[PDB]
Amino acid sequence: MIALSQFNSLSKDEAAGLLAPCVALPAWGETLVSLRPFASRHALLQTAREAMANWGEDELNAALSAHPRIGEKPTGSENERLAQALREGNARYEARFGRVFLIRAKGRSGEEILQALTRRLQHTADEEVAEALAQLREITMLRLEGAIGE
């Protein structure tokens, strides 16, 4: 984590690089960088929310393009039932929608994630683009909050 004053004084390229892990959408970071200086962390976060408010399906696709799918990271009881149901739900999700299951995980239990996954599998394509975007916005904000201090 770097101070807000450090973020304000970075070069445009170092500042975009600091923001890059928050989401794989260079335009979002470029926009925030171009609006420096920020006078408080709260104001930076509010601007960040505005900048992602009109992301659509094209941004969802670009943001997720390098995300590993099922079977792409081979590793070589109630816990077993949960792990199985989560792995099966993820497999169903990828087969239906042709994209990884994106969910803000911090703060949710495995059982809560399973319930959200099961519910989202009942969505229409448009309903799920919207929810996946909302989760992408939440994740981006949590990452930004860990990247730049007061």
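Think of the rigid core as the biggest set of C-alphas that the two forms share within 1.5 Å after superposition. All residue numbers refer to positions in the sequence shown, first residue = 1.
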* **81-89 against 50-58 - segment lying farther from this form in 4 other deposited structures of this protein (CA RMS, rigid core fit)** => 81-89
* **Extent of unmodelled deposited sequence, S77 relative to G76** => 10 or more
* Asked: Comparing 131-139 with 13-21, which has the greater mean CA B-factor as deposited?
  -> 13-21
* Structure fact -> Comparing 112-120 with 93-101, the higher average Cα temperature factor in the PDB entry belongs to 93-101
* Asked: Considering only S65, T31, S40, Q46, which residue's Cα atom bears the greatest B-factor as recorded?
  -> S65
* Structure fact -> Top Cα B-factor in this entry, restricted to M52, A125, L86, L35, sits on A125
* **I2 CA temperature factor, ranked by third within the chain** => highest
